DNA sequence: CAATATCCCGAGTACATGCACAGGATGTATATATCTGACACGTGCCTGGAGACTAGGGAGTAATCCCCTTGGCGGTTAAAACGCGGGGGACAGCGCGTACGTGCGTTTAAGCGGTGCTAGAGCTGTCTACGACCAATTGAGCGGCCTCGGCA
């Protein structure tokens, strides 16, 4: 895959920011926030793939990512488990 | 009252280990607030593990298990 | 094969407290997750309590303690007062 | 002046939609998994369950980041605030 | 002879950041954990080593709170710590609000 | 340059530690065991691919002044250092709990047969909620009429 973190386009970061309650966003927040999101994805999808490899599956499934989240103190309600 | 025996210079020592140069005079009576609530939250659990087992002295293991529960583990007294 | 869920007891309890009201399916999955999260936390803490005291069983008191640790505040003294209804009725 | 930026707050705090475009986020998660193993397949609900957890982390970080900008007497958030909010949080 | 304000504060850092000894007096902290305990169960007894594991955990909490507080004061251009700093640190770590 | 301080080195200092010892409880060792689940076999689904198209968004730019940023501000205390107070620190013993052992007997697990609760079924069969549109309201700014204060 090419460079797909650039697909978290600047306006989308502003939407997330706007939800969070902030008025004014310096231009260096965009390239910092992509950095934070890529580090979070790495540390959850690694666990989700290790739960997958244990079961001899190829397809990653919703319970794998939910168990991956559950161990990091970041439990998600909505997809079971 | 017994909480005022967490004397001003003791707070300064704790602070000095933490690396702060200069301490506002409002920090003394405010810091006592956070110590008093922290002790409140682990003694509730330590006396809970005590009352469970019917004994009526709090052991080192009780305060270890109380601290372990709240994510503030100590290695020292019995893991 | 059957899949099993708590989905009917949460609905049954909803009609206990809001007789006109309902749940959307997506908002059922929340309760069906929440209710089994609190199951696991009680089971896990009650299990450790038996182990620390080197018991094998898990009687009522091995759970009433696990609730009185795990719940935050008024919910502890309410849930303890609620569960001691249930077993007191059951043992008659 | 300075009012339309504030009008957006009242919009996005009322809606509960997902705020990142779906396909661009899905192709990023396929990229990041390739260095863990080649030729995964992702279940369509797994990709959603990532997105729902990401947005809920990002928006929690901007809530905790703004508090730092207020502390420095500013309005504008800056990377030094994100850095503080992550260091003090323990990331 | 008399030093400059600042000189002795940095001398104290290099002292208490090199020792590992306990910083609160024993008896005054032992009185405090008894008073907070008797509000929850009357006529307790403590083992002599239980109160030590309280103290060694408290000091290590206080010292961590200050280390995370100073980070706020430094960010806010000051060097002096003030209550408004602790309220920020303790809110981002999710303890109080 | 003077002074307080940290650094450094050797004497003299209890006990801590590492060890040797007796001995006990448990890890081993062998034989037996079924059954977990490994493995093998197909079942059938979705994960994926692959197209056509609009319209939403995204990116870009332009103009610009808000907000940040900086300097210089004036005002008051944490720090410094000392004097100065009482309080944290080191021994004598009581007996109460904790442990631990004994015999306390409550309940669970298991295997038994019967049976009704639940959870997958529908186009169920609608119709709450979901857009779609209309209508009201307030508020703000721009014209317009009219007393009076400073000037000929």
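For chain A, we keep the numbers from Swiss-Prot: what you see runs 23-103, in order.
Just so you know, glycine gets a Cβ as well, placed from its N, Cα and C.
Summarising the annotation, Swiss-Prot assigns UFM1 cross-link to A:32 and lists experimental evidence as the type of evidence. Annotated SUMO2 cross-link per Swiss-Prot: A:32, A:60, A:80, A:92, in sequence order, evidence recorded as a large-scale study or a structure entry. The annotation ubiquitin cross-link is assigned in Swiss-Prot to A:92 on the grounds of experimental evidence. What Swiss-Prot lists as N6-glutaryllysine is A:32, A:60 (among others). Per Swiss-Prot, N6-(beta-hydroxybutyryl)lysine is recorded for A:32 (among others). What Swiss-Prot records for A:32, A:78 (among others) is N6-butyryllysine, and it gives experimental evidence as the kind of evidence. Residues or ranges marked as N6-propionyllysine by Swiss-Prot on the basis of experimental evidence: A:45, A:78, A:80, A:92 (among others). Annotation comment: Swiss-Prot describes A:78, A:92 (among others) as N6-(2-hydroxyisobutyryl)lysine, evidence class experimental evidence. Residues or ranges marked as phosphotyrosine by Swiss-Prot on the basis of a large-scale study or a structure entry: A:89 (among others).
A simple way to gauge crowding: the CB of residue A:89 (phosphotyrosine) has 15 other CB atoms within 10 angstroms, across all the protein chains here. Distances between the Cα of residue A:80 (SUMO2 cross-link) and those of the recorded positions A:32, A:45, A:89 are shortest for A:89. Filtering the recorded positions A:32, A:78, A:89, A:92 for a Cβ under 8 angstroms from any Cβ of chain D leaves an empty list. Other Cβ atoms within 10 Å of the Cβ of residue A:60 (SUMO2 cross-link), summed over all protein chains shown, number 15. Here residue A:89 (phosphotyrosine) is positioned 16 angstrom away from residue A:78 (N6-butyryllysine), judged by their C-alpha atoms. In the three-state DSSP classification, residue A:89 (phosphotyrosine) falls within a helix. In this structure, of the recorded positions A:32, A:45, A:80, the smallest number of CB atoms within 10 A of the CB marks A:80. Cβ neighbour density within 10 Å is lowest for A:78 among the recorded positions A:78, A:92. On the backbone, the CA of residue A:45 (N6-propionyllysine) and the CA of the residue listed as 'UFM1 cross-link' stand 15 Å apart.
Separation of the C-alpha atoms of residue A:60 (SUMO2 cross-link) and the residue listed as 'UFM1 cross-link': 15 Å, rounded to the nearest whole number. Here residue A:92 (SUMO2 cross-link) is positioned 30 angstrom away from residue A:32 (UFM1 cross-link), judged by their C-alpha atoms. Following the DSSP three-state reduction, the secondary structure of residue A:32 (UFM1 cross-link) is helix.
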